[PDB]
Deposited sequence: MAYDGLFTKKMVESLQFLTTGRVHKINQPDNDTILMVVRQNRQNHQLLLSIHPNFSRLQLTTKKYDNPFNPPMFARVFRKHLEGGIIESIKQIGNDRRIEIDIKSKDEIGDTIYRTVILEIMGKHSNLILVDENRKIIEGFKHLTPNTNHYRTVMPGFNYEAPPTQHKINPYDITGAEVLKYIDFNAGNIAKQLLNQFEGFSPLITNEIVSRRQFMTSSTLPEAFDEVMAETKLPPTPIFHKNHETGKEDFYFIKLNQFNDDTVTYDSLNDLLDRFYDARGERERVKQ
């Protein structure tokens, strides 16, 4: 769950330099992972897309089965027209334009949904007909016949579409695990960020909550601080800003990709 919406917003920002690049290679080093090399001005870049139930994520990194095959068929060759996030959700869509077998142009979208054990990687056409799924849902259906439909959802709100003054409407201060309430109403939030906001004033009240919220959402728009963090716990975490919850120890990095490269070595 530390791969948030907001973390996603920031990983997507750093992947825009790949727009225009050509999909040059696609491997699958295990059942949970797609490695997609994008060649932009004659240099290669390794895009890792993991669907792993714990480690689901999207990053560039540093160091053939059916699904990879299907992917090469439709994508190998193509140009990346767009990489974008759906709302503030934990969903990235890469838009590729390519050729089929007999040269006619085809329009494809790769959809990564990062939801712990409900993580999936999915290929659809320009009309959202699912071409293939790294995982199938039979019992929403996620099979090659069908139209892709977004995840369940609780009709949450996009924290970017709302002001702090406006958040109040959705908070009962008397209730009140303010972080838990913020997690329940806002798309792409996590414990990390909810706890952080609640931490940005001494007390959570109708005057302060708005201030905290705005303050934090403003910081999300700044270029991030890729940061690794407890010697008491043994625990490890990562994020894209420094969180008053992060004392004690912490290493920061050049990029989120570096940050991740390290963190998932163990």
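Missing residue ranges, deposited sequence indexing starting at 1: In sequence order, the gaps with no modelled C-alpha are 64 to 70, 147 to 151, 242, 280 to 288.
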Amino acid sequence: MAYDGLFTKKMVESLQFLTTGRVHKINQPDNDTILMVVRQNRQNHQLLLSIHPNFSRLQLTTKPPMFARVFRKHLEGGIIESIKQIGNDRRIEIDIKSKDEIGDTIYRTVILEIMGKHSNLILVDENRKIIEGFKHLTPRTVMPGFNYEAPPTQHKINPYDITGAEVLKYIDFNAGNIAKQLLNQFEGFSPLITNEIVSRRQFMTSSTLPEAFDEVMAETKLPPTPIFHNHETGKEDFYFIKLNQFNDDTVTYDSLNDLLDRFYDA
From here on, numbers count along this sequence of modelled residues.
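Stretch exceeding the other in mean C-alpha B-factor - 149 to 157, 96 to 104: Here the higher of the two C-alpha B-factor means belongs to 149 to 157.
Residue range whose averaged C-alpha B-factor is higher in the record, 231 to 239 or 204 to 212: According to the entry, 231 to 239 carries the higher average C-alpha B-factor.
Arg69 by Cα B-factor - lowest, middle or highest third of the modelled chain: CA B-factor rank for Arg69: lowest third.
Modelled-residue ranking by C-alpha temperature factor, third containing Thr33: Bottom third by C-alpha B-factor.
Assigned third (lowest, middle, highest) for the C-alpha B factor of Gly77: For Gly77, the deposited C-alpha B-factor lands in the lowest third.
Ranked C-alpha temperature factor of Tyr170 among modelled chain residues, by third: Its C-alpha B-factor belongs to the middle third of this chain's values.
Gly116 by Cα B-factor - lowest, middle or highest third of the modelled chain: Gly116: CA B-factor falls in the middle third of its chain.
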